């Protein structure tokens, strides 16, 4: 009764119809207003055009909202960076303080699974940070997915993170990880992570069959589908990856360590590449929304045929 579900989303959920959850970060960190709103509308339209209902999730004035109205999407967008970045562990505090929160992967998948949404489209997922051996800095996204039965549709893991260790951690958490139409696990900006995909899926229908099986089994762990960046944005992605490897090199040369390591890398990449990173992120989210919506629709067919 604390959570507000939009009528479009609740009616779809009642009848087993396709719903795609979305997080509130394309909005809080996009282009200058009202361009971030326009991007959010464009992503929701991709979901709608493919036959699913988009369920953008955010917290507004302490109210968790699953499915946003036009007014709510506008309000969220005009707030811009002023919203609290809200991980799962932050939800109760944002509710208690009646704040506005843009939910991360861990928080969004909590709310999506709470109400029975099976497919959550994101950009990337958090992971094991570089030099986690000394810091233990590991995203709660990985824990959350290990104990929430939901499918996350991502473009992989950023090379700023430790991708091999992220994959190992996901194995240990019992998360099924599959690359989409590839034997290589994608990094976010490049298809080349250097890591073999632990498993492979080749169509939205393949994906839906795995989700359907997971639901029928009542497993409490989730699924990560990783969709490699489209070749039409490989130039933008390759630029970011080149800048990232340069930043990593400069970081080593200047002995940047500890809590300053990750923010230094992020900082240096933006100077070299400006807006191309956001452009790549938007292209990735839009690709994930397309394939994620097809997965959700294929799943609703399997559910109908039960």
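Residue numbers count along the first chain shown, from 1.
Across the two stretches, 295-303 and 1-9, the PDB entry reports the greater mean Cα temperature factor for 1-9. Mean CA temperature factor is higher for 127-135 when stretches 127-135 and 209-217 are set side by side in the entry. Highest C-alpha temperature factor among 56, 45, 270, 281, as the PDB entry reports it: 270. In this entry, the residue among 65, 239, 260, 52 with the greatest C-alpha B factor is 260.
Per the deposited record, the Cα B-factor of residue 192 falls in the highest third when ranked against the other modelled residues of its chain. Sort the chain's modelled residues by C-alpha temperature factor and residue 222 lands in the lowest third, per the entry.
Placement of the Cα temperature factor of residue 229 within the chain: middle third of the modelled residues, per the deposited record.
Among the modelled residues of its chain, residue 117 has a C-alpha B-factor that falls in the lowest third, as given in the PDB entry. Per the deposited record, the Cα B-factor of residue 80 falls in the highest third when ranked against the other modelled residues of its chain.
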